[PDB]
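Given as structure tokens, the chain that follows is alone and in the form deposited in one PDB entry.
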């Protein structure tokens, strides 16, 4: 119990909000059951009453001891002080819903008899239930499992409410009076839940309604069953579609590429190379275009992720040891990552040079011996190759040697006009790069 709970990073607040959910769902599940079924009898009414006292003191102790500890952001800065937190809570609407939820009808049971229709104000902590849902979906990594569990629980709750309202209709018409109502043989909850399933799923096959109240009940219940079944199967579907929408977008792009290259009759070696690229891209990235996700974010967010991953990779390499930090960080924003299959060339001895590769999670092999098969060095991850193309106008020495990708190399490219427009803003870093060129040649 601290002085102010940080609601996004508190596992004890997540467990406590779970304990409030296990009182609110107790109320919503066992208020109509005690209200309309003969289960709150003279025997276990003290069991139901001590469960009611436990849930009510969870409500009251939750409000008065956890809710003014909630930190909140006013004007951008995080508010920590307890009087300001208590003022923000007590002049809010969550306090209005909780104080409308905690109005006791405990004075009213002893006057007007024991009846849980008086507990129809305790179903107003839906904002705390939705806060628990949002916090558990923010804590969980695979939130679609909790979303399909929550949609299944919504379906079971609507079937539970329909079972209670069907037992109301059968007790209103009399049990065993007509052929439509519940006959009274077996389990009173199970044989009404079966009717709720076969009505709100709209299966049918039940005994037909006889009189006018049963025809109105069966009409409204099949209509609401059509809409609730359509809406909840649409929710369960959308959830199961948005779970694997990334893999479905990848497979749609892969089938589109394969369909195009099959309609234009490209040979099987090129089709195997494109399928090998798509297989390794889903195997190593789980994503088609990394710039698609790193272009919808702002500049500081993209720069923070870039300085994390790529400044680890470039603080590993020794060729950038004294350059300027904003020039390096704009290079980290400007670094383009491509993937090379095992075997293909990334520089040929004779072509022009416009790229500076920074190898990350790969293995390339330079080849410049007598006949291009002797490996001079095998560059591992976190190295730099392709830096000769700064001086001599790009054509005094175009490309020095062959260099292939020995494995699945994932190089970080850099276009030459982008490197020059980065480097014209830094003449001291240009002098360091000319010093690197003079120690190179």
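For the two forms, the rigid core is made up of the largest set of C-alpha atoms that agree within 1.5 Å on superposition. Residue numbers count along the first chain shown, from 1.
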Legend entry - residue 131 coordinate gap across at least a third of other entries: no
Inset, instruction - Say whether residue 371, which has coordinates in the shown structure, is without coordinates in a third or more of the other compared entries. - result: yes
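What comes next is about the form deposited in another entry, which is not displayed.
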Inset, instruction - Go through 115, 337, 257, 121 and flag the only one whose CA is off by 2 Å or more between the shown form and the other one, rigid core held fixed. - result: 257
Inset, instruction - Determine, after fitting the two forms on their core, whether residue 424 shows a C-alpha shift of 2 Å or more between the shown form and the other one. - result: yes
Inset, instruction - Determine whether the C-alpha of residue 181 shifts by 2 Å or more between the shown form and the other one once the rigid core is superposed. - result: no
Legend entry - Core-aligned C-alpha movement of residue 347 between the shown form and the other one, 2 Å or more: yes
Legend entry - Cα distance between residue 280 and residue 317, which in the other form differs by 3 Å or more from this form, closer or farther: farther
Inset, instruction - Work out whether the Cα atoms of residue 334 and residue 391 come closer together or move farther apart in the other form than they are in this form, the change being 3 angstroms or more. - result: closer
